[PDB]
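Some notes on the structure that comes next.
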Amino acid sequence: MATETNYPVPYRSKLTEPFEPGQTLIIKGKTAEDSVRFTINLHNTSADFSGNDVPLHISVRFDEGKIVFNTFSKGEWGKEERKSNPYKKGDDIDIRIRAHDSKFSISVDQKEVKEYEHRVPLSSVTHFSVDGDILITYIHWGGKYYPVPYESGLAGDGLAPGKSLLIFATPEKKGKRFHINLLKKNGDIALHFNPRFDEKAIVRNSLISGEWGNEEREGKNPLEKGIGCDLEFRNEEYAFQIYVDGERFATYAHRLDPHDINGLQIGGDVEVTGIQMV
């Protein structure tokens, strides 16, 4: 009888619109030493049909040590496709499903481990459910195919104090570095976040009147080439709180007045899959 606070299993959710290419479904949670398996299903039937048509069925098994993928259509399960389960009976799981026009790309712990070709229409995916021996801690879907270099304004309030900008990205396998700029109307950059793999460091700096300031670097640099990451920039009272994959990576004293930060740029050797302002 886990706390209904988190996502109670069985967890049944309905998408706003059908799952589109470029969108990602993220499922995070915890398992116990007694968990045998849990499932993730991309369902159909807006009329709520528990087990009607299932474009993609994911079964991670600690008893079999494998992750199973299959499709249910025309009232029948099809042929299974298997992959090794980086298992870990007990401890956190991070599974992400990204839709593309010819298949689903599934990543475990932000590492691409499976390409599942569509067998039935992706557009039939109108729901998703999670069940089994798992304690769901986080679920989220969205994103799109973001072109990089990327550049856009931020809604209206922009990244104002008390708000946080979440960016899901994947540094390129053969990339050297990439950057993210949080700018102001005149072109000044309140925050330049520049992961440089060749320097094994993440450079943070500000561009004021065309002149770069003092470089703040050195730190864990928890990023890895080819491995997806969750970047979060929380604009607080005295400084930006920079989170990387759940943990605070650094703090950056405001050098420019917060407020009016409504410019965003992303460049370098990186793939961007999600951007949300909370």
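Numbers and lists here come from the model and the stated rules, or from a named source; no laboratory read-out is quoted. Every residue, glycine as well, gets a Cβ built from its backbone with ideal geometry; the counts of neighbours run over all protein chains shown.
Restricting the search to segment 111-169, which residues are under 15 Å from the mean Cα position of the chain (by Cα), outside any strand (DSSP E or B) and surrounded by 15 or more Cβ atoms within 10 Å (Cβ to Cβ)?
Within segment 111-169, 143 is the sole residue that qualifies.
Assigned to a loop (DSSP other than H, G, I, E, B), in the same structural domain as residue 162 (by CATH) and either over 25 Å from residue 153 (Cα atoms) or touching a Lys or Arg at 6+ places or on another chain (Cβ under 6 Å) (or both): which single residue out of 256, 223 fits that description?
223
Go through segment 238-253 and give me each residue that's charged (D, E, K, R) and either part of a strand (DSSP E or B) or in contact with a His (Cβ under 8 Å, 6 or more places away or on another chain) (or both).
Across segment 238-253, the qualifying residues are 247, 248.
Identify all residues within segment 170-200 that are more than 22 Å from the chain's Cα centre (by Cα) and either among the small types (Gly, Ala, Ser) or farther than 26 Å from residue 155 by Cα (or both); write none if there are none.
Result: 187, 190, 198, 199, 200.
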